[PDB]
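The structure that follows is given in the form of structure tokens.
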DNA sequence: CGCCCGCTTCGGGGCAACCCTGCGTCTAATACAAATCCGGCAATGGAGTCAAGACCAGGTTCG
DNA sequence: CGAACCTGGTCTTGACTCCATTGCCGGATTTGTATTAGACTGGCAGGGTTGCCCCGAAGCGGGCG
Ligand SMILES: [Mg+2]
Ligand SMILES: [Zn+2]
Ligand SMILES: [Zn+2]
């Protein structure tokens, strides 16, 4: 049955979710909030910069600047080797 | 009810499903014969795979693709209609098919007995004509309207009949006028009188044709009138033209239909209580076949009345559909699709139903609609059970389709597979090799396999130590085999037991746990002392390795199933970890004694002293390391570390000569001192020659008087010493060591001359063929034994071929006779003896014809081996299937009854000689009464284990008969009690309160059946447990008195004269091939015989000894007859393993008087249930039932159980399941068979409630310690 | 050597959340024989008038909104097959001839 | 003294449950209508993107 | 100690722009139904094996004469 559960990828997914939660907790509150609401990490709905700037009360461009800053922050070897080993 | 099923269960109630429940389980009506799209490979709408009906194929996605998130859950799309959920709901959602016309179930119509035919009291060959549209039936009648209008109706009948009469009178008058004109035109002209008579006879034949045509019309009208008078319901009207003539006249006075709707209407207008009370009255006031048929129908009538069922569900109006994941259409690599063979049956049902609907909406003549309904009925029948009615519906290549019922019955059903067992994860196998350095609780392991078994453990451990960042890099590190994984593997392997297993698993010691340790190479190293338990040699056998996972499984494998905890048999109590083939030879050479070897002690004291003494075994070991002392020479050591025997201890020290300091001299060899140093300190000195039976006695005494760990360490020490001295023993084989007897040839010539005289006497004609065959067989048997005797007395004692035999290591003497000496007689293919015989031996080399003669017996032995192991497996299955529900429940049932044991009857001189069969019959049993000697003191009180020394004390006091407790007389209702079972043979202590003694007994009986080399073989056991009638059925008497022995012509007529005034019982057909029973001398005429004395020789059927000598004596006969078989091979089975099985035979009683409480004659119900209601029904209805003990075999008693789920797995899974479905039989899940099936915890061992709910908490004194 | 199979269905791996879902309404549908069924539709979604029920027959909505009742035609009759091949004068000819035949068979 | 008549006993038949002595190619299109795919512009409108550019706040340098 | 500056996130606004979302329309393909006028009018798996249960002749003994 090639469409079955491999039973190592499932626990790998759970461990990856836990490491992702810890890595996003190593950032600030607002940064983790805007990344989670950008990528739908908590409910499964990818909101846009309009909705993030609505829930935080700022422009869409400020949200985009914060998102680019956080994406540059996550693109570090020290911050991201443990996530690099998951792919 | 329960649809979530969270592991709490009490009952599994089956029942007959109705149309409302069928259309209430379903999630939608499937209405198209389509499965999948041929181009896009998606399920069609309203088809057999439809995502609206059964659910979504992809996880959390609708069909049109609008919703794809988990946030939309539990809702249904507006367009496509698929409820968004998981893709595992296609495993469980069912659908239904709406039939256009009703259809009977095939199960309640085409069985024996037919339940529809019994419920309606109609013959099955008429029911088949009704439901297959071959004959009409009368679904209703109106007796009152015919009753008050029959005068006018017969008046109109008379009017029509008289109109036919007047018409035929006019026809006869017209023919009379025409014949008068023929006569007047014939006799007026010149005509031939012969032709005139022919003309007159033609007119007469015309009017006779008129009159018998009219007679036939009147017979038709009176026949339809006779049938209209005898119009009763449930009447068949064959050939349909009488029916069509009977409809248009008086259609308003009766109705008649045809088929399943007619059967449904017949069941609809049916009262059950009326025929119920009618059958009650008939069985009250009947005799003969009528009462028997009314009983067999009252069975199913009261079955439908007593439960809350209804007979409406035997006709069917909606057919359910099994979910499509159980009948998947999976594609392979390359688009070769794979259907599941039920989709064709479902497609045929859907097609014929849709065609019938179209035909009914169109409007067609009756032939087409009846043919279509017949085809619909046969399609549903082929769906439920193919091949039941006539020829099966087949597929491509004349292969019959696996129908819906074929998933259950047969060898390939769900039940037989689910009892056959599943396949497991965390397992492995390899070839096995000997492990002669391991300790007894160890086993080797190929490290490349142990790295595969323990992969999650080693992954967690090398994540915990920082060698990888997650489990993904850890898994790749395991797969590349980086060199740190070996140390991590050793760390996780240490103290974690594994299971080992060799198929076939014959008995309880076929699975034994071990502690692993890493071993190079690729073969499993096995300890060389468990080969006797595993029945494994190293010729290429393979063993499976499993792996316990949880803490409960690890504790069970570490405590219950350890190798060093299981030394003794579960069957007889003898040890299985005893030394064998090599180490027995080693200890025999090490402990034997040679007269006059080097350094032997002589006391000859002339000029010089004795020079045989040694101050210590260390000094003796030095003097043997130097080439002076041989190991087997007799010396006199001064021992200070071994306990002396009882005589020397009582002589030298009296009370307790505690040898850790004491000194004493002993005349032995050095070898027996080196042997006795292996034994423990408290064990006394032995000073014997270690034959195998001597080692058996030593290890039995060690197992009886010591803990288990001392026995395990002593067995390991004995293995090491036995191997190390087996190498130095010098047991080789050369052809200069296979010595021939010197005077063989003169012996052969003398018996050849005797055979020549016998052959010449046959050649004279003084005797037939068979007599000279018997004479030659006797002569050559004598010659074989003479040559064997001369060879036995020719050999020395230090010959290896006689040392290996006489030390009990392996082999017997007959193989040495066939090696050197003479082979002897050789059998035929049939079993006769070839009278030639072989006069050579395998040292001398045979010739061509002698080899060709030997091959017959060799091949017969091989085929016998194959057949015998198959039959032993089947018998083990039957015994386990019977006695699986006999488990120990209480500690003491506190009865007073008990069996009696013979236990060493005396001599004519008066001396109590010990009976040979004590250790199987009387040992390990608990005394039910006390033991008094000559009205003196009570030697052994009630409630003692009856080991060795109290049996020796009873024999010393001089008592023989003792009343002991056993499981035949136990008084608990659910299983046996612990005191009645006595000592468990595997431990030596009392049995526990959770043991499954039934399976232990069944395996102990069925295991040594392969060694039963033969009516005296394994069929003799099988015909005893089945309680069949034997072949050589010698009769038994019924009363005392002298016999009227009469030997008639070619068969005997044995009559018995009774002792008192009674009838003379005559036994009719006793053939002369049977023999007179010899007892006390041969049988004579007028022999005053006993009550149940066996008349001829042979074996009495146990049914007759039950009816004559009651229930106690048949248990004595059934055990002793089976135990006579196993003693022929020297196989020791304790009698409590057989007494468990015989207990299961006599549990039920027959009913001859029903009394007044819900009973029927011929029924066999439980003794514990028949008496318990009779305790209560004697008040308020005091008509007690009349019971009598019956003896039924194992195959019969296994079927009549209280759980339908266990009895479904046995035999006729169709028949077991249908009558359980009628009676609405609920299951209780109490046997350990059903709990295996549903995956619940079994009610034995660590599964009963005394052990499963132990609360564990640290002691409050030690709680404050940290 | 080994042969593999695959049902045509994707298998995901997520968390079965019970708390935060998309909210949804419930509507009742009514069949012909008094059967009622409740179907959970999504919020931002049109509620269709008719809906094929679990029972298998088509069931309308329990609140009266009057959709298009039939909007169909009968397919074809044997009378249509007769009428598309012959004229009513020929039909009346056969009818009058059959009426005279039943007349001469009944009372004539 | 003989004679009927159901009761029991065995035979034969009948039937229910499993394997292989089991395990074929077929007129041939037309006519038409409805449904559906799909290919390609043709309105977008919201969402992302660049860039300027202002907003002070507290180190940082200089007076 | 006071002023100028550098650079920190912080936030607005104007402009660009880009790609999904319907939407229409024309055509291509794909699937479903109706129609063909010499006359033609009742077939094939299949048996064989093994074992067990249910009814019919038949002695036959007891009631009957
Ligand atoms: Mg072997
Ligand atoms: Zn959908
Ligand atoms: Zn008991």
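One is the number of the first residue shown, and numbering goes on along the chain from there.
Every residue gets a Cβ built from N, Cα and C, even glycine.
Here's the feature list from Swiss-Prot:
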type    : residues                   : note
BINDING : B:62, B:64, B:77, B:80     : Zn(2+) 1 binding site
BINDING : B:537, B:539, B:541        : Mg(2+) binding site
BINDING : B:893, B:970, B:977, B:980 : Zn(2+) 2 binding site
Hey, which of the binding-site residues B:64, B:77, B:80, B:970, B:980 is the loneliest by Cβ count within 10 Å?
B:64
Around the Zn(2+) 1 site formed by B:62, B:64, B:77, B:80, list the extra residues of the same chain whose Cβ is within 8 Å of the site's Cβ centroid.
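Here the non-site neighbours turn out to be B:63, B:65, B:66, B:67, B:78, B:79, B:81, B:82.
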Using a 6 Å cut-off on Cβ distance, which of the binding-site residues B:64, B:80, B:539, B:541, B:893, B:980 come close to any atom of ligand 2?
B:64, B:80
Near ligand 1, meaning Cβ under 6 Å from any of its atoms: which of the binding-site residues B:64, B:537, B:539, B:541 fit that description?
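If the test is a Cβ under 6 Å from any atom of ligand 1, the answer is B:537, B:539, B:541.
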When DSSP is mapped onto helix/strand/coil, what comes out for residue B:977 (Zn(2+) 2 binding site)?
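Residue B:977 (Zn(2+) 2 binding site) sits in a strand per DSSP.
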Can you list which of the binding-site residues B:541, B:893, B:980 have their Cβ under 6 Å from some atom of ligand 3?
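By the Cβ criterion, which requires under 6 Å to ligand 3, the hits are B:893, B:980.
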Could you check which of the binding-site residues B:537, B:539, B:541, B:970, B:977 is the closest Cα neighbour of residue B:80 (Zn(2+) 1 binding site)?
B:541
Among all chains shown, work out which of the binding-site residues B:537, B:539, B:541 has the most CB atoms within 10 A of its CB.
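Result for the most crowded candidate: B:541.
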Which one is it, among the binding-site residues B:64, B:893, B:970, B:977, that lies nearest to residue B:539 (Mg(2+) binding site) by Cα separation?
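Closest by Cα distance to residue B:539 (Mg(2+) binding site) among the binding-site residues B:64, B:893, B:970, B:977: B:977.
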Counting distance between Cα atoms, which of the binding-site residues B:537, B:541, B:893, B:970 is nearest residue B:62 (Zn(2+) 1 binding site)?
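Nearest in space to residue B:62 (Zn(2+) 1 binding site), counting only the binding-site residues, is B:541.
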Using all protein chains in view, find how many other C-beta atoms are within 10 Å of the C-beta of residue B:977 (Zn(2+) 2 binding site).
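I get 21 for this one.
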Other than its own, how many Cβ atoms are within 10 Å of the Cβ belonging to residue B:62 (Zn(2+) 1 binding site)?
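Around residue B:62 (Zn(2+) 1 binding site), other Cβ atoms within 10 Å: 22.
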Please report the Cα separation of residue B:64 (Zn(2+) 1 binding site) and residue B:541 (Mg(2+) binding site) in Å, rounded to an integer.
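Taking the Cα atoms only, residue B:64 (Zn(2+) 1 binding site) lies 58 Å from residue B:541 (Mg(2+) binding site).
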Pop the Cα-Cα gap between residue B:77 (Zn(2+) 1 binding site) and residue B:893 (Zn(2+) 2 binding site) into the table, whole Å please.
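Just about 67 Å between their Cα atoms.
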Could you name the residues, excluding B:893, B:970, B:977, B:980, of the same chain that surround the Zn(2+) 2 site, i.e. Cβ within 8 Å of the Cβ centre of those residues, in sequence order?
B:890, B:892, B:895, B:965, B:967, B:969, B:971, B:972, B:976, B:978, B:979, B:981
Near the Mg(2+) site, what residues other than B:537, B:539, B:541 in the same chain have a C-beta no further than 8 Å from the centroid of the listed C-beta atoms?
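Counting only non-site residues, the set is B:432, B:536, B:538, B:540.
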Return only the integer: C-alpha distance in Å from residue B:970 (Zn(2+) 2 binding site) to residue B:537 (Mg(2+) binding site).
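With the alpha carbons as reference points, the distance is 42 Å.
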In three-state terms from DSSP, label residue B:62 (Zn(2+) 1 binding site) for me.
coil
10 Å Cβ neighbour count around residue B:893 (Zn(2+) 2 binding site)?
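Here the count is 17.
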